[PDB]
Structures are given as C-alpha cells and as structure tokens.
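A quick write-up on the structure given underneath.
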Ligand SMILES: *CC(=O)c1c(C)c(C(=O)c2ccc(F)cc2)n2ccccc12
Ligand SMILES: *CC(=O)c1c(C)c(C(=O)c2ccc(F)cc2)n2ccccc12
C-alpha cells in the first residue's frame with residue numbers, strides 16, 4: 001500500500017548522458033548508438049538568441065567545434081546535422097551503454113520521468129506530465145538543457161522529451177527527440193505565452209481510484225452524474241472535458257474497486273464544488289492530475 | 001527555476017538489486033562486494049510471522065537454501081549470518097557494479113530516495129523522509145521488502161534504509177543496513193503503533209525559502225517572531241520545536257534570499273494560524289516538510 005509520485009529508475013538514461021560544448025555554451029546531450037542528440041541552441045551566443053538564423057549559424061560550425069564528452073572521455077564527432085530544433089552529432093563510437101530505445105511523441109495528459117542533468121551529469125529524477133497547454137512544470141536551472149523525458153517498458157526506453165526552454169512564467173518547454181517542440185513554442189528569446197493550463201480530468205479520476213484502493217474514501221458519496229452533466233462542471237473549473245475513451249481507460253480501476261466511473265465523476269464534481277474542507281487525499285490538499293490511469297494500475301500492481 | 005520533489009538518480013543502486021528466495025518467500029537483496037544484504041524475515045513462513053524465533057528458524061537454514069539471483073545469473077552462497085534484523089549472505093563473487101558506498105543511520109527529518117523493487121527488479125524511484133516517529137510514507141506492495149533507501153554524494157552511495165514492514169496504518173517501517181530498525185518497530189506480525197507524527201519545521205522553512213527563490217512570495221509578511229514565541233505556535237500545531245541548530249542550517253537560504261530566519265518563522269506562524277486561504281505554494285496546497293535545507297540548496301544550485 002501507499003501512493004507516491006514515482007519516477008522510472010533512471011539508470012538506462014544515465015548511461016546516455018553526455019556533455020556538449022559549442023563555442024562557450026555547454027548543455028546536455030543524449031548518446032544513443034553513434035549519435036548525440038542535443039538542442040540546436042547550443043550553437044548560439046547570448047546575442048543571437050534574440051532572433052537566431054540557425055541555418056546561417058550552423059554554416060559557421062564544423063564537426064571539430066562540437067565538443068562531446070562522456071564522463072571523462074572525448075567523443076570524436078564525424079558528422080553533424082540539424083533536425084528541426086535538435087542537432088544530431090554523429091560520433092565514431094556507438095554508446096556501449098545504449099539501452100533498447102524508441103523515440104515517441106506523447107499526448108498532453110501523459111506522464112514521463114525527467115532526469116535533470118548539468119554538464120552531462122545527472123543530478124536527479126522526477127515524475128511530471130505534459131500539460132494540456134504543452135508545457136511541463138519541471139525544475140530546470142541554467143545548464144539543464146538537453147535533459148530528457150522518458151518512459152520505460154521492461155527493457156525499452158521511450159524517449160519523449162528534450163528540455164530546451166523556460167518561459168518567463170517559470171514553466172518549461174521542449175521538444176520530442178525529432179526536434180519538434182510540444183506546443184507553439186520556438187527556440188528564441190522572445191515573449192511566448194504558455195496558454196490556459198487545464199486540469200487532466202482522466203488523471204484526477206485515476207488518482208481518486210488510487211486513493212480508494214489505498215484507504216482514502218471520505219470523498220466517496222451517494223451520488224452519480226452523466227458525462228454531459230459532469231462536463232458542465234468540468235468546464236466551469238477549467239478541467240479537460242471527459243470523453244468515452246477516458247471512461248474506457250478507467251475501466252480496470254472501476255472494475256478493481258467496484259466503483260462505476262460516473263459515480264467517481266460525481267465525487268469529483270462535489271470536490272470541485274465544495275473543496276476538500278480542510279481534508280487531504282493521498283497526503284495531498286489539492287486534486288492531483290499527474291498520475292495517468294496506467295500509472296495508477298502500474299503502481300498499485302508493482303510492474304517492474 | 002521550478003521546484004520538484006526530486007529523487008537521486010537510481011543507476012548505482014539498480015546495479016546492486018538482486019532477488020533472494022528462501023523456502024517459498026521471495027524479496028529483494030542488496031549486493032555490495034561479496035555480500036547480499038536482505039531482511040531476515042525471508043526465512044519466515046506466514047505461520048511463524050506471528051512470533052518468530054529467528055535464531056531457531058535460521059538453524060534450520062543452510063547456505064544452499066538461500067537462492068540469490070542477479071538478473072538471470074544465480075549467485076553462489078558460501079556463508080550466511082544474522083546481524084540484528086538483516087541477513088548477510090556471503091556470495092563467491094563481488095558485484096562488478098558495486099559503487100563507492102557507506103552505511104549510514106539517518107536522523108528523523110532527513111530525506112532519502114527509495115528504489116522500490118519486486119523480484120530484484122526496480123519498478124520506480126521516489127523521494128521520502130524519515131518521519132519524526134521513525135516511519136516513512138512510501139509505496140510498498142508485497143515483494144517490495146529489501147528495497148533500499150539511500151543518498152548520493154558525487155560517486156558515493158550512502159545506504160540508510162531497508163524496507164521490512166507495513167504497519168496496519170499503511171505507513172512503512174524498516175532498518176538501517178546494519179539491521180537496526182528505525183523507531184520501536186519489530187519484525188513481527190503484531191499490532192505496532194507508529195506514534196504521533198509531527199511536522200519537520202526546519203524542512204517546511206527550507207521549502208518556504210525555495211518558494212521565495214522560485215517566485216511564490218504571497219505568504220511573506222511584515223512580521224517577525226522569536227524562537228520561543230514561534231515554538232509556542234509550533235507545539236499547538238504538532239510541529240517539531242525549532243532550535244538554534246535549525247536556524248544555523250537555514251543560514252545559507254536566509255543569506256541568499258535576504259530574509260531572516262525568524263521573519264520566515266513569522267510567515268509560517270501566520271500560515272499555521274490562517275491556513276493557505278485557497279492559495280498554493282510551489283504547486284502545493286499544504287506545508288511541505290520533506291525537503292531538508294540541504295535538498296533546497298542542492299536543487300536551487302544544481303549539484304550533480
Ligand atoms: C536550458 C539551458 O541549459 C540553457 C538556456 C535556456 C540557455 C539560453 O540562454 C536560452 C536558450 C533558449 C532560449 F529560447 C532562450 C535562452 N542557455 C545558454 C547557455 C547554456 C545553457 C542554456
Ligand atoms: C515487504 C514484503 O515484501 C513482505 C512482507 C511485509 C511479508 C510478510 O508477510 C510480513 C513480514 C514482516 C511482518 F512483520 C509481517 C508480515 N512478506 C512475506 C513474503 C514475501 C514478502 C513479504
């Protein structure tokens with residue numbers, strides 16, 4: 001029993017972290033096979049960060065200008081290319097520690113672990129979610145760029161995020177491993193607004209199921225609702241509209257606990273209309289939305 | 001910027017996780033050099049768990065009865081001994097993946113990462129704290145026993161916890177790596193009360209500093225207090241009494257922000273007396289006490 005915001009073990013990803021220095025800029029790289037993936041803003045000085053012409057800036061760079069370091073050994077760059085907002089540095093050595101991996105682009109609401117790194121060295125690991133406005137709420141200082149977000153399925157690491165930016169709002173923006181930013185964000189030092197951040201309804205519901213499984217039942221009530229009645233309430237509180245797909249994905253949790261999904265929706269509706277009244281759910285005083293139904297099933301069943 | 005409940009990278013500890021089966025019981029072991037450390041309740045059947053005589057039960061066990069498996073290879077047990085509530089299995093092979101390590105017994109209020117494991121395989125990593133009542137609030141299902149708690153200092157892993165038990169209250173109890181339980185807990189299937197869990201005041205204060213550093217300032221006020229006046233308020237809310245040592249440890253945070261420790265104490269006193277009033281601090285609706293002053297300094301400075 002017990003319910004915690006848990007991250008995947010980070011070992012497979014630690015063995016891929018390298019340091020990439022270009023000019024005077026140092027950030028993190030991801031070494032998989034003979035390729036180091038890193039943000040393309042590594043070629044930028046602070047002046048050209050206001051409005052960079054990456055294609056023009058890259059012309060002035062050669063293989064020897066990209067310094068890649070794995071722990072203490074220098075990797076030899078034999079090729080370089082730009083793929084959207086990531087630079088791909090071909091090195092002469094395949095990473096001996098390369099895990100089985102995939103590059104996946106995730107949907108908002110989905111969760112992933114982040115291995116925060118500085119100078120190619122990992123400092124910590126935390127669990128977070130791709131917000132519906134395509135930002136993440138992480139912990140990223142200067143030098144953390146190139147830190148990756150990922151998931152694990154037994155032995156295969158599914159890389160989904162690469163950190164590139166902090167918006168003036170303190171939230172984080174980044175790309176998938178093909179260099180495509182999540183959301184409308186661009187790798188430029190310009191005023192970019194994050195957009196309305198809504199709450200991931202399917203995740204709050206899953207977390208309510210995890211709470212019931214782990215003992216917290218005070219929020220359970222004698223009421224039920226409909227998808228349309230609940231969604232009227234969801235809209236009012238800036239919650240994601242709940243669809244039949246969401247109800248389907250909550251099926252295993254609904255079945256395990258014996259609580260129908262629309263009954264849990266009525267509990268959530270009352271929590272939204274009345275607040276917690278000074279109480280907590282799984283040690284939290286607010287409705288947690290960074291646990292997908294898959295996270296709850298996995299944590300309550302011990303999938304290794 | 002940004003502040004997250006961050007765990008240490010778990011790679012160094014993943015390379016130490018093994019599976020230990022004794023009779024029909026399977027739990028996790030920690031392989032460091034030629035020794036596998038695991039809970040001694042591995043030799044127990046469910047019947048003798050009510051009141052085990054571990055010395056008598058251990059007599060009936062030989063080296064060959066302890067099955068140790070690292071990933072897929074079987075380790076050869078050439079010796080076995082009981083040290084308090086841990087069994088120490090001497091294997092014929094030193095773990096090639098043994099990191100630089102220490103065994104430390106931690107104080108309540110101190111935080112550590114837990115690598116939750118099942119069948120010697122890691123499922124996840126989370127950050128938690130040794131509560132003042134010597135319990136931890138983790139996530140541990142059946143088979144998680146032998147999962148360890150640890151800290152990292154550059155390359156040296158300081159093992160502090162080994163999971164042994166879940167109290168009927170859903171909280172967790174375990175030992176240091178010498179087999180000595182934190183708190184008054186015994187490895188028996190008997191009614192054990194956890195004790196009053198107080199809030200770690202020095203940690204809440206550190207987290208308030210982290211909040212100011214990261215933008216959250218609404219809770220800052222025009223008041224100050226004294227150690228004795230604040231402690232009167234702390235007692236009323238079951239908060240740990242704040243000492244001069246605590247004020248000293250908050251020195252670097254106090255200096256960085258320019259906010260004196262007793263001024264932050266007055267902010268905390270008002271938060272305790274008036275609540276959050278529907279507001280949040282670092283995305284939390286309650287006062288977080290699982291970030292030590294060292295955790296805040298480390299996370300706000302990027303120590304790898
Ligand atoms: C994240 C990181 O390590 C980093 C950033 C964000 C910058 C930077 O100045 C910048 C990049 C992108 C952007 F849109 C605005 C500003 N870095 C410069 C030098 C090293 C590391 C970083
Ligand atoms: C934690 C774990 O894997 C485990 C426990 C807790 C027990 C068990 O039955 C027990 C141990 C200690 C105690 F005081 C009461 C009950 N296990 C039995 C078999 C495998 C794993 C575990």
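Residue 1 is the first one shown; counting continues down the chain.
The way this entry was determined, per its header, is X-ray crystallography, 2.0 Å.
From the backbone N, Cα and C atoms, a Cβ is placed for every residue, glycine too.
Residue environment of residue B:5 (ubiquitin cross-link) contains 22 other Cβ atoms, counted within 10 Å of its Cβ in all protein chains. Look at Swiss-Prot and you will find B:5 (among others) tagged as ubiquitin cross-link.
Feature annotation from Swiss-Prot assigns active site, for 3CL-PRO activity to B:41. Within its own chain, residue B:41 (active site, for 3CL-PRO activity) has B:25, B:27, B:49, B:52, B:85, B:145, B:164, B:187 as residues 6 or more apart in sequence whose C-beta sits under 8 angstroms from its own.
Annotated ubiquitin cross-link per Swiss-Prot: B:90 (among others), in sequence order, evidence recorded as experimental evidence. In the three-state DSSP scheme, residue B:90 (ubiquitin cross-link) falls into the strand class. For residue B:90 (ubiquitin cross-link), the number of other Cβ atoms no farther than 10 Å from its own Cβ, over all displayed protein chains, is 16.
According to Swiss-Prot, the active site, nucleophile annotation covers B:145.
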Recorded positions among B:5, B:41, B:90 whose Cβ lies under 8 Å from any chain A Cβ: B:5
Alpha-carbon spacing, residue B:5 (ubiquitin cross-link) to residue B:90 (ubiquitin cross-link), which is rounded to whole Å: 36
Residue B:145 (active site, nucleophile), number of other Cβ atoms within 10 Å: 26
Filtered recorded positions, from B:5, B:41, B:90, B:145, whose Cβ is under 6 Å from an atom of ligand 2: B:41, B:145
